[PDB]
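K.L.:
Take a look at this one; I'll ask things after.
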Amino acid sequence: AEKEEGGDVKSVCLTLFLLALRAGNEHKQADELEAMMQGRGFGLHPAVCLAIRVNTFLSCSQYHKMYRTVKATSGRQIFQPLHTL
DNA sequence: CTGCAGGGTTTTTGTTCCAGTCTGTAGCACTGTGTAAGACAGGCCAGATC
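Numbered by the working numbering, the letters in the first sequence go through residues 50 to 134 in order.
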């Protein structure tokens with residue numbers, strides 16, 4: 050980092066993973082690593098979520114079911130709650 | 001000092017191919033929603049005329 054890139058370790062270390070992983074890999078790798086510091090989501094805009102709802106034919110209780118489930122596990126809730134829809 | 005020509009430079013950006021590994025799509029034969037009445041013709045028995 051010192052010889053060629055002055056010494057900014059954060060930028061160096063984050064980049065390191067990609068080639069070792071992506072040498073023989075996933076897709077998952079592109080994703081987990083792509084989430085990082087920039088981003089994000091944050092929240093899927095309520096309109097997009099709404100689209101997913103009425104276009105995949107999700108019942109309000111079924112949808113809310115999904116919301117609760119995705120939110121409790123690893124959440125980081127993605128979907129927007131009912132009242133905002 | 002300037003102007004641009006045409007070279008130096010590193011550093012993008014991509015290049016050809018062979019093992020594969022993942023991922024999204026087309027190929028499959030094939031499905032869902034059209035859903036109830038009347039009109040016209042002919043026969044013929046009933047039933048009223050008279």
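A virtual CB, placed ideally from N, CA and C, is assigned to each residue, including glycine.
1) Rounded to whole angstroms, what is the Cα-Cα separation between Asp80 and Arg71?
2) For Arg125, count neighbouring C-beta atoms within 10 Å of its own C-beta (all shown protein chains included) and say buried if the count is 16 or more, exposed if not.
3) By the 10 Å Cβ neighbour count, where 16 or more other Cβ atoms means buried, how is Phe128 classified, buried or exposed?
4) Counting only the same chain and skipping the five closest in sequence on each side, list residues whose C-beta sits under 7 Å from that of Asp57.
5) Expressed to the nearest angstrom, what Euclidean distance is found between the alpha-carbon atoms of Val119 and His76?
P.N.:
In terms of the structure at hand:
1) 12 Å
2) exposed
3) buried
4) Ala50
5) 21 Å
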